[PDB]
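Chain A is the first sequence line, chain B the second, and so forth, proteins listed ahead of strands; every chain is numbered from 1.
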Amino acid sequence: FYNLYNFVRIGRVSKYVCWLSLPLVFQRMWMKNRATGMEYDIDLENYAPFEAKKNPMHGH
Amino acid sequence: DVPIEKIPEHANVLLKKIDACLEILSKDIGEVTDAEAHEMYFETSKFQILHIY
(Lines give C-alpha, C1' and ligand atoms only; values in the text may rest on other atoms or scores of the structure.)
Protein backbone atom coordinates (compact mmCIF):
# COMPACT_ATOMS: atom_id res chain seq x y z
CA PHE A 1 0.00 0.00 0.00
CA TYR A 2 2.87 2.41 0.66
CA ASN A 3 4.01 2.14 -2.96
CA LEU A 4 0.54 2.83 -4.32
CA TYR A 5 -0.02 5.83 -2.07
CA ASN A 6 3.48 7.14 -2.74
CA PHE A 7 2.43 7.20 -6.39
CA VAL A 8 -0.91 8.80 -5.49
CA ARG A 9 1.21 11.51 -3.86
CA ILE A 10 2.77 12.25 -7.25
CA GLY A 11 -0.50 12.59 -9.17
CA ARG A 12 -2.06 15.98 -9.78
CA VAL A 13 -5.75 15.51 -10.63
CA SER A 14 -6.72 11.92 -9.83
CA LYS A 15 -5.64 12.22 -6.19
CA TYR A 16 -8.25 14.98 -5.70
CA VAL A 17 -11.04 13.61 -7.93
CA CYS A 18 -11.14 9.80 -7.79
CA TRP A 19 -12.28 9.94 -4.14
CA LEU A 20 -15.49 11.81 -5.02
CA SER A 21 -17.09 8.53 -6.17
CA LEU A 22 -16.51 7.01 -2.71
CA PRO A 23 -19.40 8.71 -0.80
CA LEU A 24 -21.65 6.86 -3.22
CA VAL A 25 -20.46 3.60 -1.64
CA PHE A 26 -21.71 4.74 1.76
CA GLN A 27 -24.93 5.92 0.11
CA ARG A 28 -25.50 2.35 -1.04
CA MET A 29 -24.48 0.96 2.36
CA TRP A 30 -27.14 3.12 4.01
CA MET A 31 -29.92 2.71 1.44
CA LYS A 32 -29.53 -1.08 1.37
CA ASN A 33 -30.13 -1.26 5.11
CA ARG A 34 -33.06 1.14 4.75
CA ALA A 35 -34.53 -1.22 2.15
CA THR A 36 -33.89 -4.51 4.00
CA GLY A 37 -36.84 -3.81 6.31
CA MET A 38 -38.92 -1.18 4.55
CA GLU A 39 -42.64 -1.55 5.22
CA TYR A 40 -44.75 -1.58 2.06
CA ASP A 41 -48.36 -1.97 1.02
CA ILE A 42 -49.37 -5.55 0.27
CA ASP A 43 -51.84 -4.42 -2.39
CA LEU A 44 -49.28 -2.48 -4.43
CA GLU A 45 -46.73 -5.29 -4.14
CA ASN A 46 -49.29 -7.81 -5.40
CA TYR A 47 -50.55 -5.43 -8.12
CA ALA A 48 -47.19 -3.91 -9.10
CA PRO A 49 -44.34 -6.21 -8.06
CA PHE A 50 -40.96 -4.95 -9.20
CA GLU A 51 -39.21 -7.17 -11.75
CA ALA A 52 -41.38 -10.17 -10.90
CA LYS A 53 -41.82 -12.92 -13.45
CA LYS A 54 -44.97 -13.73 -15.42
CA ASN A 55 -46.32 -10.17 -15.32
CA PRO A 56 -48.28 -9.83 -18.60
CA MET A 57 -47.98 -6.04 -18.51
CA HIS A 58 -44.24 -6.51 -19.04
CA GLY A 59 -44.79 -9.00 -21.87
CA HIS A 60 -44.20 -12.36 -20.18
CA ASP B 1 38.80 35.21 -69.19
CA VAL B 2 39.92 33.82 -65.79
CA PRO B 3 43.71 33.53 -65.33
CA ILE B 4 45.06 30.84 -63.05
CA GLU B 5 46.61 33.38 -60.66
CA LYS B 6 43.13 34.62 -59.69
CA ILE B 7 42.07 31.24 -58.22
CA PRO B 8 43.74 31.53 -54.77
CA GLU B 9 42.02 34.89 -54.27
CA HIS B 10 38.68 33.11 -54.71
CA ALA B 11 39.88 30.34 -52.40
CA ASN B 12 40.78 32.94 -49.77
CA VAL B 13 37.33 34.52 -50.08
CA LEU B 14 35.58 31.19 -49.60
CA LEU B 15 37.93 30.34 -46.73
CA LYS B 16 36.93 33.57 -44.99
CA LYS B 17 33.27 32.70 -45.54
CA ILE B 18 33.45 29.14 -44.25
CA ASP B 19 35.56 30.27 -41.29
CA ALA B 20 32.92 32.85 -40.39
CA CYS B 21 30.46 29.95 -40.56
CA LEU B 22 32.45 27.47 -38.48
CA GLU B 23 33.32 29.95 -35.72
CA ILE B 24 29.57 30.13 -35.08
CA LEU B 25 28.75 26.47 -35.69
CA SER B 26 31.64 25.47 -33.42
CA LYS B 27 29.47 26.75 -30.58
CA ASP B 28 26.76 24.51 -29.16
CA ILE B 29 24.11 24.81 -26.47
CA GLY B 30 24.87 22.92 -23.28
CA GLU B 31 22.50 21.19 -20.91
CA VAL B 32 19.83 23.38 -19.35
CA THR B 33 20.25 24.21 -15.66
CA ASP B 34 17.09 26.22 -14.95
CA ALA B 35 15.50 24.71 -11.85
CA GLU B 36 12.01 25.50 -13.15
CA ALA B 37 12.74 23.07 -15.99
CA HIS B 38 13.82 20.31 -13.58
CA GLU B 39 11.54 20.93 -10.58
CA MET B 40 9.46 17.88 -11.48
CA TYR B 41 12.54 15.66 -11.23
CA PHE B 42 12.45 16.44 -7.51
CA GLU B 43 8.66 16.57 -7.20
CA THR B 44 8.54 12.95 -8.38
CA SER B 45 11.12 11.64 -5.91
CA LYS B 46 10.18 8.61 -3.84
CA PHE B 47 10.27 10.81 -0.71
CA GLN B 48 8.93 14.26 0.05
CA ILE B 49 11.38 17.14 -0.16
CA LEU B 50 12.94 18.21 3.14
CA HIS B 51 13.27 21.99 3.36
CA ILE B 52 16.18 21.95 5.81
CA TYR B 53 17.43 25.22 7.26
What's in the same ILVMFWY side-chain cluster as [X], cut-off under 4.5 Å, chained through other members?
| X | result |
| --- | --- |
| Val13(A) | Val17(A) |
| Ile4(B) | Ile7(B) |
| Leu20(A) | none |
| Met40(B) | none |

What do the steps show when you test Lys32(A) against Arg34(A) for side chain to side chain contact (heavy atoms under 4.5 Å, CB included), and what is the final call?
CA-CA 5 Å; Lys32(A) 191 75 178 68; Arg34(A) 298 228 304 289; over 6 Å; no

Which heavy atom of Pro8(B) sits nearest to which heavy atom of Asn12(B), and what is that distance?
O-ND2, 2.6 Å

What are the two closest non-hydrogen atoms of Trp19(A) and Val8(A), and how far apart are they?
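Minimum heavy-atom separation between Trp19(A) and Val8(A): CZ2-CG1, 4.4 Å.
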
Would you list the pairs meeting side chain to side chain donor-acceptor pair (under 3.5 Å) in which at least one residue belongs to residues 40-53 of chain B, sequence neighbours left out?
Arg12(A)-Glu43(B)

Side-chain donor-acceptor pairs of residues 13-35 of chain B under 3.5 Å, sequence neighbours excluded:
{"from": "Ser26(B)", "atom 1": "OG", "to": "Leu22(B)", "atom 2": "O", "distance (Å)": "2.9"}
{"from": "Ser26(B)", "atom 1": "OG", "to": "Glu23(B)", "atom 2": "O", "distance (Å)": "2.8"}
{"from": "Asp34(B)", "atom 1": "OD1", "to": "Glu36(B)", "atom 2": "N", "distance (Å)": "3.2"}

Side chain to side chain contact (heavy atoms under 4.5 Å, CB included) involving [X] - partner list, sequence neighbours excluded:
| X | answer |
| --- | --- |
| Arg28(A) | none |
| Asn3(A) | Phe7(A) |
| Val25(A) | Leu22(A), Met29(A) |
| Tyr47(A) | none |

Sorted by first residue and then second, give each salt bridge (charged side-chain N to carboxylate O under 4.0 Å, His left out) pair with at least one member in residues 41-60 of chain A; sequence neighbours left out.
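Non-adjacent pairs meeting salt bridge (charged side-chain N to carboxylate O under 4.0 Å, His left out): zero.
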
Any side-chain to backbone donor/acceptor pair from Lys15(A) onto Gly11(A)? Under 3.5 Å, distance only.
yes

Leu24(A) side, atom CG; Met31(A) side, atom CE - distance, nearest 0.5 Å
9.5 Å

side-chain hydrogen bond (donor to acceptor under 3.5 Å, both in side chains) partners of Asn55(A), counting only residues at least two apart
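Once residues adjacent in sequence are excluded, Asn55(A) has no partner under the side-chain hydrogen bond (donor to acceptor under 3.5 Å, both in side chains) criterion.
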
